[PDB]
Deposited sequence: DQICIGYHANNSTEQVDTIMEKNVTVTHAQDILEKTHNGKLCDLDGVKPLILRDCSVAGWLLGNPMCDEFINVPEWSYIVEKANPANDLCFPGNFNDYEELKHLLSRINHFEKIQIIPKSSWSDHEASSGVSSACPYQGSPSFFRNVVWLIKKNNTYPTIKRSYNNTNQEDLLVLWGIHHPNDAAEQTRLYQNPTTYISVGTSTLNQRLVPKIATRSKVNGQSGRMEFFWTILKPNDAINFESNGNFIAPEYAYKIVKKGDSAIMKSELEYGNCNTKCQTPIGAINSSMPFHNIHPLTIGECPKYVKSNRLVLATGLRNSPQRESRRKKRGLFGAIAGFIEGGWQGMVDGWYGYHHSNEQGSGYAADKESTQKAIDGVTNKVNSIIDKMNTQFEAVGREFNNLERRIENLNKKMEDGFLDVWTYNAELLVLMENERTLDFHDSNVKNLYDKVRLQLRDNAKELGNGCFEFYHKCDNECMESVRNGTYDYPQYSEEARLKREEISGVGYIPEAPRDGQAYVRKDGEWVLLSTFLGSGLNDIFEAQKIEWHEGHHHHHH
C-alpha cells in the first residue's frame, strides 16, 4: 500500500519565458498580446470617418474644385488624410499656421459651413472673374469655392471696408488670403493700384499684409502665389476687413458645432465597410487582450500598445515531457490527474487511482487569477501616442517629439516584458512550493507508519484501505490505530 504526492501534466506545448530559462513548457498559459488586425479603415463606434481620399485638409477647407466631395460634410469620428494627396493648394502658395490648425481639427467632429459674406454683395469689385486654369473645374478654370478672388471693376478698386460679427453662439473658423503677383504689370492689370495692403482686425488680431511682388519659378503653371490665413472668431466678435487690392475674401466660414476629440490619421487605405471600437492607421482591432503590437497611434477603447513580439503569462505549472518538488524529488507529472493541479495517487488491495487535493488547487487558481488581473490593470495607464505634425523649419521640435514618443514606447515595453518574465518565474516557484507543502503535510501525519521512499511516495508499513487513504487526504489520520501493526511490520 502506498500513497504519493504529485501534480498535473497534460499534452500542452504552450511555452513561456523567465529570466533564467527560455522556452519552458507549461500545462497552461495565457497570452495577453493582440497580434492581428483587420487591415481596414472602419466606422468608429458607428460613426464613419471623413476619408478625404485624394484631397488634403487645405484643399478641403478652402474648397479646391477637385474636392467636391466635402462641400458639406457629415459629423466624422476620425479623419484620414493620405501622405502626399494630389488635391492640395491647386494655385501655388502657402497656408499660414497650417499645423496648428490641423491640431485644432484633431479636437473637432463637426463643422457646419455657413455663408458669411455673400458673393453678390460686392457691387463695385468684379467678384466672378477671379479664376485660374491652375484650379480647373470640369475642364474650365475655377478657384477655391469658399473664398472669392476680387479684381478691379471698370479699371477701379475702391478701398474695401467690410465687417462680419459672429452670432450662432458657436465659435467660427474664418479663412482669407492675399495674392502675391508676378510683376507690376499684373499688379495694375488686376487691381490697378500699384501698392496695396490688407488689414485684418479682431479684438485679438491686428495684421497688415502687403503683397510681395516678385518673379518666382512657376509651379502648377502659375508664377504668382496665394498666402492663406485663418482664425477662430469668438461667438460675439467682429472680424473687420479693409483693403485696396490683392484681397482673397471669405465667402463661406465654418461653425465649430461639436468638439468631440478625434485624430487625423495618415494612411493610404480606402474605406473598408466595417464597424469597430479601436482603429489604427493600418487596420482595426477586435480584441479583449490588454496589450497589442499593431501600431502606436490608436483611437477608441484600445489595448495598450507595446513593441513585444510575444507576451505570454505562465498560469499552469512546468509541464513534464527552486523548492524541492516539481521536476525534483518528484520526477514528473501525472497525465492521469485531470480534476486538479496538485493531488495524490494511491495503491492498495482494493483501489488504484488519483485524487486531486482541491482547495489547494483552488488556493492556487485564486492566486494566479489575482496575479493576472493585477498585471492587466497595473498598466491601465500607459503613454498614448498622438500624431503631431511639423513643417520644414520645426525639425528640432519634430525630432524631440519623436524621441519622446519613442522613449515612452520603449519604457512601457520594457516594463511589460520584464514584469511578465519575473512573474512567470515566481509563478512556477509558487507551484513548486504548493507541491512541497502538500508532501510535507502528508509526511508528519505518517511518521514511522510509512517508509519515505524519496520520489514523492510513501510505502505503508501497515495496510491502508480506501478509507484510510481518504483519512490521509482529509488530514485526519489516526496514527495510534496503526502504531502497533506498523511497529510489528518493521522487521
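Taken in order along the deposited sequence, the stretches absent from the coordinates are 322-331, 502-557.
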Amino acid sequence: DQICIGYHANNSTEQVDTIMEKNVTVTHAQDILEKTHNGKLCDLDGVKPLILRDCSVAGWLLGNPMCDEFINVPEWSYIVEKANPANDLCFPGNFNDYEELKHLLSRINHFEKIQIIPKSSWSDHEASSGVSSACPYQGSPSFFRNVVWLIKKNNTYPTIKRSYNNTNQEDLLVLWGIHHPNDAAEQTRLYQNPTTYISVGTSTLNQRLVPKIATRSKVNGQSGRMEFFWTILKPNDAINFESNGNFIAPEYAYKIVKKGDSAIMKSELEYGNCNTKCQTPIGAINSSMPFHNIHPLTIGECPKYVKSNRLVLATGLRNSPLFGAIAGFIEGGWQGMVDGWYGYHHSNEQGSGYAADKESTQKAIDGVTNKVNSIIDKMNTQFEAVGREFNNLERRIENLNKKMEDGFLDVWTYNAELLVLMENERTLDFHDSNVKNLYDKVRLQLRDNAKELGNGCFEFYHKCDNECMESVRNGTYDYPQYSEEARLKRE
From here on, numbers count along this sequence of modelled residues.
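According to the PDB record, 442-450 carries the higher mean C-alpha B-factor of the two stretches 442-450 and 418-426. Between 117-125 and 363-371, the higher mean Cα B-factor belongs to 117-125.
Within the group 328, 283, 139, 296, the record's highest C-alpha temperature factor is found at 139.
Between the residues 397, 411, 404, 151, it is 151 that shows the highest Cα B-factor in the PDB record.
When all modelled residues of the chain are sorted by CA temperature factor, residue 464 is found within the highest third. In this PDB entry, the Cα temperature factor of residue 100 sits in the bottom third of its chain's modelled residues, the lowest group.
Looking at the C-alpha B-factors along this chain, the one for residue 34 belongs to the lowest third.
In the deposited entry, the Cα temperature factor of residue 220 sits in the top third of values across the chain's modelled residues. In the PDB entry, a CA B factor belonging to the lowest third of its chain's modelled residues is recorded for residue 432.
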